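Return a 3D structure for these sequence lines:
(9 chains)
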Amino acid sequence: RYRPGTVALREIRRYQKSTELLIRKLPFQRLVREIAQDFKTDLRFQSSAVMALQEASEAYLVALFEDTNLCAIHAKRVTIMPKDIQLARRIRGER
Amino acid sequence: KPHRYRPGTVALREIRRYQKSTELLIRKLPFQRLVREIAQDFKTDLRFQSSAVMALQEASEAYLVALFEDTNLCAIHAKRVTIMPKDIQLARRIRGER
Amino acid sequence: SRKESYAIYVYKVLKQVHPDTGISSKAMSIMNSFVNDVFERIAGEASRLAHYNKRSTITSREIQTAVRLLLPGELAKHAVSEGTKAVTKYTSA
Amino acid sequence: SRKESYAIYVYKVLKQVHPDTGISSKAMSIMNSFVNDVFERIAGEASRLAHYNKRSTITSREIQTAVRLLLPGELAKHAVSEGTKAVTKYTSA
Amino acid sequence: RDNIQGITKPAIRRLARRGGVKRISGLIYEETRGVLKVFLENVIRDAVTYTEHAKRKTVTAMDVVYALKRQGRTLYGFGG
Amino acid sequence: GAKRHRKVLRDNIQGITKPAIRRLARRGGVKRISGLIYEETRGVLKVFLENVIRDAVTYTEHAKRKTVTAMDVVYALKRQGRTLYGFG
Amino acid sequence: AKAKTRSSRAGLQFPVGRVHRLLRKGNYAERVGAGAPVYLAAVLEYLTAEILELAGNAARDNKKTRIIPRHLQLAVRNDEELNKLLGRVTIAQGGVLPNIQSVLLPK
DNA sequence: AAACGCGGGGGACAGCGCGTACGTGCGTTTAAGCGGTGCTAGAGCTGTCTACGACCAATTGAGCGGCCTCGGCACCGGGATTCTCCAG
DNA sequence: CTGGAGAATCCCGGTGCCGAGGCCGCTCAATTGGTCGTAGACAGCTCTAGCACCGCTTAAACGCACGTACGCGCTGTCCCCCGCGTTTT
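Numbers count the residues shown, from 1 in each chain, chains lettered A, B, ... in the order given. What follows is the structure:
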């Protein structure tokens, strides 16, 4: 067995040179259509539009993580917690 | 014996005062020469408007003010009550400003 | 020199809402400051959409959508009514 | 129909710096997108710039000045000279 | 219908890995799921506002690009 | 004698004084302050300043003047997306 | 006939003729619709009153008779809609909402 | 008002124990997607023509400088209250 | 509970004042009645793409064990920043 925290580093090392998506398209696609339903009914999507959406979302998500990670570290931790997000979400001022 | 307040009660009183006050906290004469100092590294020998000279401070403060309250958020999350620069820099980095 | 501004109209609207309240001058300048901003932000936003659909003339369809784009939530909802009411009133009048 | 872009002018320049380097279409779309932006960012301010001095015709100075508004420091010094050279080369002949 | 949950934990964990996160709580996953909706909902609301005003019933990415810029996240690579 | 040169130590940037700094912090709502903050603040404020000032001056020459106007700096502020109301 | 202002015609207060000129010189388009200067101009009245009414409210809460930026600062920043609208707006001399952190309160 | 000294006290800080959640791992599902086949909405195109704004001319009044006056408002003082330490 | 006690704060009535606010001439921008060119929405045609589904196979999810490392609660300890009264600045 590898000791805990080794695979994660290799996982982290692995993905930072990896570049394609990390979210499943159909679970991505379905959720998009559900959410879009709430503003107007019976839309129709260009795959580009959905794909363009997807690039934004992950690109969105990752940066917040780094901010949250910085928050966690500043609390002298290595374990992120939701308040770190909220503290992060506050400071960027969209909270 | 002298009647000294417990340390901090004065500060909370102070914190109250300014949060109703609205005036500047930076002395004008030190302030503008700072700008007059700064202008030299771009163009020599300009001539400042007081309105402009004034207008600088508000941004100057309002910027730094919003900085403070975010920096105040830091130590709280960092479970402190005394602010550290590491908080200050952190926000600016969180502000993405380095 | 002549300088045209918006104080008088703002002064009229205030006496509509608070017919007794006074006003400073600096705050009035703020109001002049504020109006011009939102004036600007809508218009260029209004312009570029006409660009997005490659049209050449800006009407209320243009104006309203950006108001929905620019104003958030209830203001956009309520103000569109404010826009909608006047337009029909103008066309009728 | 016929829709236009910049990739060809890109590709000569590519061959000016890297005469034996390829480029993907996903990349080529990126450059077409990228160049279109950088045009737009300056293009507006210089347009705005004209309004600021109540002048009524865009020149290279405004472009020159506008570039000074965007590009950081050392790079600005480069292109402004290159902006300076080309018109000088243009104006000379 | 729970398509938010269709974003699996490894889907979440992969992103944080690419984000550089070594150790993750368990409450993180629901926190993420709620917030990401906010990102999506805001965009798609405004995105269709283009599509409606443009008098279509089909969502172009060109609208999507327009909006994400209008939010302030400029994006390269999908037409314009 | 030798008193004509006894005070040459201005070096403006401290002109933003610790009492003000804390006064500033007190309006912001901070209760207790590290001492190294004062100096660190001096950095943050200055680095803020020129970037606008550069941009603020950046206007001036283009309109061929020599006196900085508030309206000029008014535009200076807008470009970085921190707008101000109240100076026309 | 008899001269009748468009603002009167819409029953509005804001000078639409001013803006139709301003739109005309504003170089937002080479042609401009007619109700657009109208359409916006009323909504212009809406927000000012919306803020002005708030400006009146806070003005009363300190028992003054004349509205100041501090009132304006308070009103918009007390309004979550306006504050979300004017998040990139800083107010001259407006001051701050009084708010002390919970943990700074003494035990 | 800042400077500046200065005691002093409180909070950072380090160390410590500990307990449990979270990574490791991995079969067991399981669900993700592809390409193949079916379909039609609907977008995109052209042509067209029309109606309405751009245009000009004549005009007047609204709006903005220029000018007055007093009323909101900021002290000032005192006194009244309240609160904080600091008794108890 | 209750504050000796000092100190702090709010409120009550006076003062002074100057700026908000109506008044007062004046001009040029906003409003009215004309023309003509084009923009652009709208029917008709085209056809692309969007959607619908299947069926199958395998990665990828998923639902568990286990173990230990890190999150956190706690406690003296130490030292830096907090209240204050002059002394400069």
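
which residues of the chain fall in helices?
Let's take chain A. Assigned by DSSP state H, chain A shows helices spanning A:6-17, A:25-36, A:47-74, A:82-91.

hmm, I had chain G in mind actually
Taking DSSP H as the test, the helices found in chain G are G:6-9, G:16-25, G:35-61, G:69-78, G:80-85.

Return the set of buried residues in the shortest one.
Under the neighbour-count criterion of 16 or more other C-beta atoms under 10 Å in any protein chain shown, helix G:6-9 has G:6, G:7, G:9 buried. (C-beta placed from N, C-alpha, C; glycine too.)

you'd agree residue G:35 is up against residue C:92?
No. The pair residue G:35 and residue C:92 fails to qualify as a contact (C-beta atoms under 8 Å) at a distance of 11.7 Å.

So these two - more neighbours on which side?
Between residue G:35 and residue C:92, counted using other C-beta atoms under 10 Å in any protein chain shown, the more crowded position is residue G:35 (21 against 8).

can you pull the contacts of that one?
For residue G:35, the contact set (C-beta atoms under 8 Å, 6 or more residues apart in numbering or on different chains) comprises C:59, C:60, C:87, C:90, C:91.

before we move on, what about residue E:74?
D:37, E:68.

That one and residue E:80, how far apart?
Note on residue E:74: its distance to residue E:80, by C-beta to C-beta, to the nearest Å, is 11 Å.

what does chain E put close to DNA strand I?
Contact residues, chain E versus DNA strand I (C-beta under 7 Å from any atom of the strand): E:8, E:9, E:10, E:11, E:23, E:58.

and which of the buried residues of helix G:6-9 is nearest DNA strand I?
Looking at the buried residues of helix G:6-9 and their distance to DNA strand I, the nearest is residue G:6, at 4.4 Å (C-beta to the nearest atom of the strand).

Can you name the residues that contact the spatially closest residue to the closest one that is not a sequence neighbour?
The shortest distance from residue G:6 to any residue other than its chain neighbours is 4.7 Å, reached at residue G:16 (C-beta to C-beta, 6 or more residues apart in numbering or on different chains). If a contact means C-beta under 8 Å, 6+ apart, then residue G:16 has G:6, G:7, G:10, G:37, G:38, G:41 as its contacts.

Now for residue A:51, how many residues are close by?
Taking other C-beta under 10 Å as the definition, residue A:51 ends up with a neighbour count of 19.

That one: what's it in contact with?
Residue A:51 sits next to E:61, E:78 when contact means C-beta under 8 Å, 6+ apart.

State the distance from it to chain D.
Relative to chain D, residue A:51 is positioned 12 Å away (criterion: C-beta to the nearest C-beta, to the nearest Å).

Pull the residues that contact stretch C:14-34.
The contact list for stretch C:14-34, computed with C-beta under 8 Å, 6+ apart, reads C:5-7, C:10-11, F:84-88, G:13, G:48-49, G:51-53, G:55-56, G:59, G:65-69, G:71-72, G:86, G:89, G:91-93.

Buried ones among the residues you listed?
Among the contacts of stretch C:14-34, those scoring as buried are C:6, C:10, F:84-87, G:13, G:48-49, G:51-53, G:55-56, G:59, G:67-69, G:71-72, G:86, G:89, G:91-93 (criterion: 16+ other C-beta under 10 Å).

ok, and of those, which contact DNA strand H?
residue C:6.

hmm, the longest helix anywhere in chain E touching chain G?
If each helix of chain E is counted by residues according to DSSP H, the longest one is helix E:28-53. No. Using C-beta under 8 Å from any C-beta of the partner chain, helix E:28-53 stays clear of chain G, with a minimum separation of 11.6 Å.

do that helix and chain B meet?
No. Where contact is defined by C-beta under 8 Å from any C-beta, no part of helix E:28-53 touches chain B; the two come within 15.3 Å at best.

Contacts (any at all) between chain A and whatever helix or strand comes next after that helix?
As assigned by DSSP states H and E, the chain's next helix or strand after helix E:28-53 is helix E:61-71. Yes. Where contact is defined by C-beta under 8 Å from any C-beta, part of helix E:61-71 touches chain A, namely E:61, E:63, E:64, E:65, E:68.

swap in stretch C:61-68?
No. Applying C-beta under 8 Å from any C-beta, one finds stretch C:61-68 separated from chain A by no less than 11.0 Å.

circling back: in CSV: the residues of helix E:61-71 next to chain A, plus distance to residue D:41.
What follows is these, written out as CSV (distance: C-beta to C-beta, whole Å):
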residue, distance to residue D:41
E:61, 21
E:63, 21
E:64, 20
E:65, 15
E:68, 16
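
Now residue E:32. Nearest residue, chain neighbours left out?
Nearest residue to residue E:32, sequence neighbours excluded (C-beta to C-beta, 6+ apart): residue E:12, at 5.7 Å.

measure the residue nearest in space to the middle of chain C to chain E for me?
Centroid-nearest residue in chain C: residue C:39, 6.0 Å away (criterion: C-alpha atoms, centre = their mean). If you measure residue C:39 against chain E using C-beta to the nearest C-beta, the figure is 18 Å.

show me what contacts that residue?
Residue C:39 sits next to G:19, G:22, G:40, G:44 when contact means C-beta under 8 Å, 6+ apart.

Residue C:36 is in contact with the last one, correct?
Spelled out, that is residue G:44. No. Between residue G:44 and residue C:36 there is no contact under C-beta under 8 Å: 10.5 Å.
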